[PDB]
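A, B, ... follow the sequence lines: proteins, then strands. Residue 1 opens every chain. Atoms within each ligand, like the ligands themselves, are counted from 1 in listed order. When reading the values below, keep in mind they use all heavy atoms of this one structure, side chains included, and skip hydrogens, waters and symmetry mates.
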Amino acid sequence: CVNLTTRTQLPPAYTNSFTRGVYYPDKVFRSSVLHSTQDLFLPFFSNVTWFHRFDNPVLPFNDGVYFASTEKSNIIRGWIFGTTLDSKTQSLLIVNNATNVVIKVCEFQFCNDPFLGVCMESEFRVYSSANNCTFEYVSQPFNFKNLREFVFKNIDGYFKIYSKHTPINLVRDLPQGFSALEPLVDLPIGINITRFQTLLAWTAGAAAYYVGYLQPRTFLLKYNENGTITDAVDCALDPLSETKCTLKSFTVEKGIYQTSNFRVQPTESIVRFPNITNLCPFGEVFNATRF
Amino acid sequence: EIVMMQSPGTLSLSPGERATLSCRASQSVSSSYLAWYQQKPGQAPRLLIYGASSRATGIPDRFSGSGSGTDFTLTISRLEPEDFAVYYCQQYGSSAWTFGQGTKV
Amino acid sequence: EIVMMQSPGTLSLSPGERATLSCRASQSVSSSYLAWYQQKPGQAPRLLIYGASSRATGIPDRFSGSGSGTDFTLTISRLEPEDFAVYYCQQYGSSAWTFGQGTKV
Amino acid sequence: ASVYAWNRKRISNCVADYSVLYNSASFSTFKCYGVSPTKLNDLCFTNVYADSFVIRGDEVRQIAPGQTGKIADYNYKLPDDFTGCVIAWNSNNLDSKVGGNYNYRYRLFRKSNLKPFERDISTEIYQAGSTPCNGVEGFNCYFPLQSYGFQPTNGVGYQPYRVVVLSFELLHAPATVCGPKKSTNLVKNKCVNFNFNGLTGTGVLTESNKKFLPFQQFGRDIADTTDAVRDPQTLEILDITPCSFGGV
Amino acid sequence: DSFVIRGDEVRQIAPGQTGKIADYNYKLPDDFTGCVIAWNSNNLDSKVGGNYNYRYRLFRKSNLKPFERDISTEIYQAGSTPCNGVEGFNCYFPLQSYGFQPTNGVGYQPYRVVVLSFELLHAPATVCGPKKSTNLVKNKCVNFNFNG
Amino acid sequence: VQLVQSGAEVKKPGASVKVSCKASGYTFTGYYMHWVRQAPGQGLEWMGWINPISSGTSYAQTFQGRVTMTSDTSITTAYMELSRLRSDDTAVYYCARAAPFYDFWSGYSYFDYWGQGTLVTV
Amino acid sequence: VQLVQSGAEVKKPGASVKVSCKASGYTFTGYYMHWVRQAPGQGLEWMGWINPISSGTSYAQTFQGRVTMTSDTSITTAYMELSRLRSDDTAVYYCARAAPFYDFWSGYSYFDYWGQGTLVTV
Ligand SMILES: *[C@@H]1O[C@H](CO[C@@H]2O[C@@H](C)[C@@H](O)[C@@H](O)[C@@H]2O)[C@@H](O[C@@H]2O[C@H](CO)[C@@H](O[C@@H]3O[C@H](CO)[C@@H](O)[C@H](O)[C@@H]3O)[C@H](O)[C@H]2NC(C)=O)[C@H](O)[C@H]1NC(C)=O
Ligand SMILES: *[C@@H]1O[C@H](CO)[C@@H](O[C@@H]2O[C@H](CO)[C@@H](O)[C@H](O)[C@H]2NC(C)=O)[C@H](O)[C@H]1NC(C)=O
Ligand SMILES: *[C@@H]1O[C@H](CO)[C@@H](O[C@@H]2O[C@H](CO)[C@@H](O)[C@H](O)[C@H]2NC(C)=O)[C@H](O)[C@H]1NC(C)=O
Ligand SMILES: *[C@@H]1O[C@H](CO)[C@@H](O)[C@H](O)[C@H]1NC(C)=O
Ligand SMILES: *[C@@H]1O[C@H](CO)[C@@H](O)[C@H](O)[C@H]1NC(C)=O
Ligand SMILES: *[C@@H]1O[C@H](CO)[C@@H](O)[C@H](O)[C@H]1NC(C)=O
Ligand SMILES: *[C@@H]1O[C@H](CO)[C@@H](O)[C@H](O)[C@H]1NC(C)=O
Ligand SMILES: *[C@@H]1O[C@H](CO)[C@@H](O)[C@H](O)[C@H]1NC(C)=O
């Protein structure tokens with residue numbers, strides 16, 4: 001393992017998610033319809049943490065994460081998912097190397113500063129010890145030019161990866177507009193995932209990435225004639241979006257619609273019981289000499 | 001720690017009679033933690049009474065126990081030649097098991 | 001039919017040492033159908049190992065087995081005087097049970 | 001494995017012949033929940049979780065949905081909507097030793113009940129009272145795991161039983177584990193009873209003009225009912241229409 | 001209905017049960033009306049070397065419909081290869097005996113089971129409990145019981 | 001579990017011999033009874049088996065048509081009848097227990113209990 | 001329930017002694033093994049205990065730092081190792097079975113089975 005120290009220490013950046021992060025929630029074709037689904041989605045216009053240099057600490061993984069990268073020269077290498085990441089617990093390693101994509105759910109002893117080096121690939125300094133392998137998979141690969149979006153979920157024993165590749169043309173930002181992420185792979189791996197880390201490929205390259213978090217939300221998805229999702233409504237973004245979901249339409253006529261219910265939520269738990277201290281004589285029942 | 005004192009140090013009696021032995025403690029003892037053992041000469045000790053008054057499995061009804069607080073007693077209703085042995089009181093407290101000095105019958 | 005060949009025909013060693021015996025087969029044999037038996041002189045054979053590597057009930061941990069395909073072995077970690085007996089390998093296949101020629105220890 | 005640290009063998013991408021296991025004589029308990037044991041060979045599942053452990057005979061009843069005790073609340077909890085089969089057999093001839101086989105263990109204590117399929121392999125001292133234990137075995141501080149002393153002279157309820165549980169996952173995803181069914185030729189433009197990778201129904205199969213994405217296995221109408229299916233052998237998209245009906 | 005089974009199998013003589021005695025020897029319907037009376041008969045049915053007269057069906061191609069007796073001894077084909085009447089690999093003998101011994105545990109001791117199925121169809125009743133009849137009273141409001 | 005066999009027998013060539021094997025400690029009908037021959041100075045040879053529940057048999061080709069195997073569940077005893085004896089049949093005959101073919105684990109591939117051998121001299 | 005200890009040992013001052021106690025008739029790991037010392041003409045003194053499931057121990061303050069207690073579940077045997085012997089340690093050493101501390105009834109407060117004593121002379 002090698003610890004890289006020649007790095008400037010700046011605070012994390014933040015950006016606006018806009019309408020990104022919508023994915024196909026299931027494997028069923030439907031077309032020319034509006035479908036209401038309750039699932040883990042990236043909320044619209046959410047605060048997305050933005051990282052650049054060689055900026056890649058371990059981040060929390062809660063219900064799931066949204067990951068996006070803007071690159072021009074293939075710097076991204078992969079991800080580490082796990083609970084402790086130090087061979088004490090099971091961990092998931094996803095690496096896209098020069099020739100293919102490898103997924104391994106072996107028990108890895110990770111480095112405290114993992115990375116790859118490169119133009120041809122040479123260095124691989126991700127882990128040392130690796131035994132107790134449980135799952136392996138290999139497959140086809142995957143201003144700035146390339147935008148890559150991924151959704152990572154860990155539900156009911158499956159780790160679901162969704163992805164979209166698009167062109168980009170901004171120097172320093174995330175595009176506005178709508179696209180849907182198709183599912184890439186469903187891995188049947190029952191891993192407790194609470195933390196993750198990004199693998200990047202001395203000098204620094206030109207690349208940036210964004211990390212958002214999924215929440216339980218209801219989305220109204222618009223399927224076109226060819227069954228492609230072309231729009232969506234986040235049913236809790238604003239009162240209009242809620243109205244659109246309630247009427248199951250993306251067009252709302254003039255009028256007044258009853259769309260929800262307001263309720264004040266409790267902030268404290270008040271527990272009151274009699275101030276008695278004597279214990280019940282259960283022991284005397286159980287340990288009696290004669291029954 | 002707690003001092004465990006038995007009385008009398010030596011008992012002398014005839015077969016067929018009743019015997020009472022006593023066990024005293026420096027500090028109050030829960031009835032659930034007091035036990036009596038019989039050790040015959042040349043033999044290992046064997047359990048007679050546990051929980052102050054409960055007979056151990058296999059023990060004749062001639063043996064009985066009683067007591068509370070710091071004062072416990074063991075009574076043998078009728079003695080047979082096999083009963084002329086050393087009797088011990090034992091107690092648990094803190095994280096330790098304390099035995100008395102033993103009484104000879 | 002399948003020919004069952006054991007090796008060496010005679011083994012010579014001292015008490016306290018380790019022994020390894022081998023069993024070869026003409027045709028591939030599933031691990032589930034291979035067994036080892038110990039026959040002491042003047043006594044009936046008794047089962048030691050079944051399913052290539054599983055010890056029979058009542059067998060000391062000194063006996064172990066391993067193998068696959070056509071090559072199986074029996075290892076005794078340490079020998080006692082009772083272990084100087086004849087060991088046989090047995091296999092099932094087709095609708096018949098075939099035994100080896102036996103090895104003397 | 002010990003029940004506290006039970007083994008899971010994920011089973012996928014294969015043909016599952018369940019008639020061999022069900023019609024076997026070697027099994028004493030074979031209880032299925034959510035499916036019937038005699039229809040298993042006609043079904044397809046996305047994934048099968050083969051879970052395996054050794055328990056005491058009296059505890060065999062605890063390997064069921066809705067049960068309470070030590071193995072259920074602390075070693076191998078099953079969900080109430082469990083789909084699968086709990087196959088179990090007496091293994092006294094394999095797992096018993098004269099002095100007791102102390103290799104098989106179970107968790108006896110825990111702060112809370114185990115959620116479904118939650119393995120717990122810790123050995124942290126259990127605090128029974130209000131006083132912190134600080135890692136030391138003593139009063140109100142217990143060792144959470146205990147061994148079963150499996151002896152050949154024990155009664156039937158105390159003999160070891162090996163348990164294999166088979167969890168059948170059913171989510172809207174491609175099925176990978178199917179029974180040993182033979183496939184037939186595809187017939188189009190006629191009313192037939194069809195079974196497409198476990199999906200069953202009656203209808204007329206026609207060639208579809210729908211542009212299915214590479215990951216989509218079937219389709220649904222506005223009504224949220226199945227109206228198209230991808231054939232499991234040739235990646236053809238078929239439309240399913242109901243067989244002709246109407247009032248008389 | 002009367003038969004001998006193993007003690008652990010006594011629970012199988014109920015509606016909605018699975019196993020070897022239910023699915024292959026004595027299947028009860030789910031709408032069964034009746035009583036399953038059973039008792040330990042170790043003092044009558046056990047022998048020292050094992051009483052091998054009581055048998056049970058262990059194998060069958062399909063489950064027994066309710067109240068369907070099956071007394072055949074046809075060789076059971078476990079695999080894909082026809083057996084042609086010969087006992088061998090994947091070809092089993094469907095029946096097996098219970099080795100009832102006086103030293104067996106309670107779950108392996110013999111239990112004699114008598115099941116009583118009560119048929120209720122719209123027809124004359126012929127089996128009635130030991131009730132006394134009363135005089136017939138007409139033209140008054142009464143609680144009546146006419147043959148059940 | 002025990003398997004107690006009859007005592008030694010001496011027969012002339014051409015005769016027939018019957019060797020009893022009495023079983024105890026298990027369900028006799030639940031297992032196949034096998035016979036194994038051991039000529040002096042030689043290894044073990046399998047002869048055949050009997051299924052007590054159906055009185056079904058199978059014999060090794062070497063002994064096919066010469067040996068009959070029977071059983072009596074009432075006295076929990078298996079019998080060997082070897083006919084057309086020749087001088088090459090002098091051997092110690094063992095009875096052994098093997099699980100049936102129905103057994104999910106390959107218990108039929110091995111013999112877990114053996115009786116004391118019966119010496120037959122021809 | 002039986003507890004069988006090793007035979008008598010004679011040791012010089014400064015040496016260490018190991019006394020075994022083999023258990024049978026019960027689940028070995030389900031109970032605590034305690035050791036009790038009895039000097040000639042004296043009463044019983046508790047030395048400590050070993051929990052076979054976890055190899056956990058506790059020692060009396062009198063013997064803290066001098067005695068090690070171990071166990072081997074495979075052969076169901078407890079061991080005593082007493083180091084730094086002095087002439088005052090000549091005694092009969094007993095092994096005793098007691099319930100674990102999680103017993104709802106105070107089964108840990110008393111010893112229900114004892115082995116035969118091992119005489120150690122120093
Ligand atoms: C029969 O059982 C009773 C009650 O049992 C008690 O409650 C049960 C639910 C379990 O938790 C038992 O383990 C528990 O003992 C016994 O009475 C109680 O015994 C405890 C143990 O000594 C007493 O606690 C002590 O109390 C003194 C004050 O007198 C303190 O100084 C000690 O530090 C300790 O806290 C408790 O007071 C006592 N309660 C009563 C009402 O007597 C009982 O001893 C037991 N008897 C037998 C023969 O088993
Ligand atoms: C990289 O830095 C980490 C600290 O952030 C090092 O980890 C420490 O290594 C020392 C060994 O010299 C241990 O004593 C510490 O306990 C470690 N701390 C942690 C938090 O793990 C790591 O060794 C460094 N890598 C290299 C190659 O020097
Ligand atoms: C990318 O990852 C794959 C998967 O680990 C690598 O393929 C293995 O490489 C090792 C090294 O020679 C071989 O021993 C294995 O047999 C390979 N396995 C397969 C399935 O191909 C591959 O080498 C990696 N590529 C690079 C450039 O590191
Ligand atoms: C995101 O959150 C951080 C932390 O409070 C805040 O400083 C930043 O302004 C937020 N970004 C947006 C776009 O609201
Ligand atoms: C694999 O996991 C087991 C835990 O069951 C552990 O005992 C073993 O040491 C691990 N393997 C390696 C190589 O550390
Ligand atoms: C995952 O691990 C953490 C420990 O970091 C633990 O608190 C949590 O309960 C675990 N979750 C599951 C589902 O096991
Ligand atoms: C559907 O696909 C066809 C090509 O297959 C294309 O011409 C058409 O524009 C698509 N429809 C929509 C709404 O995108
Ligand atoms: C079997 O299924 C696979 C699914 O990918 C398909 O590619 C292949 O052509 C099928 N083969 C036959 C003979 O149907």
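Inspection of the B:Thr75 and B:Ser64 side chains reveals no N or O donor paired with an N or O acceptor under 3.5 Å.
Under the 4.0 Å distance rule, the nearest protein heavy atom to atom 47 (C) of ligand 1 falls inside the cut-off. Taking a distance limit of 4.0 Å, we find that atom 17 (O) of ligand 1 is approached by no protein heavy atom. Within the 4.0 angstrom cut-off, atom 43 (C) of ligand 1 has one or more protein heavy-atom neighbours. For atom 34 (C) of ligand 1, no protein non-hydrogen atom is found at a distance below 4.0 Å. Using a 4.0 Å threshold on non-hydrogen atoms, atom 38 (C) of ligand 1 does not count as touching the protein. For atom 11 (O) of ligand 1, the nearest protein heavy atom lies 4.0 Å away or farther. At a distance under 4.0 Å, no protein heavy atom can be found next to atom 26 (O) of ligand 1. Atom 1 (C) of ligand 1 is flagged as protein-proximal [any protein heavy atom, distance under 4.0 Å].
Taking the charged nitrogens against the carboxylate oxygens, D:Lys210 and D:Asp227 do have a contact shorter than 4.0 Å, which makes a salt bridge.
Heavy-atom proximity to A:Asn100, at under 4.0 Å, picks out these atoms of ligand 3: 1 (C), 2 (O), 3 (C). Of all the atoms in ligand 3, the ones that sit under 4.0 Å from a non-hydrogen atom of A:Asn97 are 1 (C), 2 (O), 3 (C), 22 (C), 24 (C), 25 (N), 26 (C), 28 (O). For ligand 1, the atoms sitting less than 4.0 Å from at least one non-hydrogen atom of B:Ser31 are 46 (N), 48 (C), numbered in the order shown with element in parentheses. Ligand 7 places these atoms under 4.0 Å from at least one heavy atom of D:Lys211: 5 (O).
Judged by a 6.0 Å distance limit and a 45° cone about the ring axis, G:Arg97 is not positioned over the six-membered ring of G:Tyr113. Both tests pass for A:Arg30 against the ring of A:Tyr223: distance under 6.0 Å to the centre and angle within 45° of the axis.
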Tell me, with the steps shown, if B:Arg24 and B:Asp71 meet salt bridge (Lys or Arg N to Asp or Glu O under 4.0 Å). CA-CA 5 Å; B:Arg24 307 304 184 88; B:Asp71 300 344; 3.7 Å; yes
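Residue A:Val95 does not touch ligand 3, judged by heavy-atom distances below 4.0 Å.
Closest protein heavy atom to atom 13 (O) of ligand 1: G:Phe104 O, 4.2 Å. Closest to atom 19 (O) of ligand 1 among all protein heavy atoms lies B:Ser30 OG, 4.0 Å. Closest to atom 7 (O) of ligand 1 among all protein heavy atoms lies A:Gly283 CA, 4.1 Å. With respect to atom 41 (C) of ligand 1, the closest heavy atom belonging to the protein is A:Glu284 OE2, 4.2 Å.
D:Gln127 contributes a side-chain N or O that, together with a main-chain N or O of D:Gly129, makes up a donor-acceptor pair within less than 3.5 Å. With G:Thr29 contributing its side chain and G:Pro52 its backbone, the two residues share no donor-acceptor pair below 3.5 Å.
Ring geometry for B:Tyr88 against B:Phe99 counts as perpendicular: the plane angle is over 60°, on a 0 to 90° scale with 30° as the lower cut.
Residue A:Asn287 has at least one N or O atom closer than 3.5 Å to an N or O atom of ligand 1. When only interatomic distances are considered, the shortest N/O to N/O separation between B:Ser32 and ligand 1 does not fall below 3.5 Å. Looking at ligand 3, you won't find any N or O of A:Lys104 less than 3.5 Å from one of its N or O atoms.
Ring centroid separation for the pair G:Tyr108 and G:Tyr32 does not come in under the 6.0 Å cut-off. Proximity of the aromatic rings of A:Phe152 and A:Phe159 is defined here by a centroid distance below 6.0 angstrom, and this criterion is met. When ring centroids are compared, B:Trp36 and B:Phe63 stay outside the 6.0 Å threshold.
Around atom 10 (C) of ligand 7, the closest heavy atom drawn from A:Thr230, A:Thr228, A:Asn226 belongs to A:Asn226.
Residues A:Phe142 and A:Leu184 fail the side-chain proximity criterion, which asks for heavy atoms closer than 4.5 Å.
Residue A:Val138 places no heavy atom under 4.0 Å from ligand 3.
Rounding to the nearest 0.5 Å gives a distance of 10.0 Å between CD of D:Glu137 and OH of G:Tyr102.
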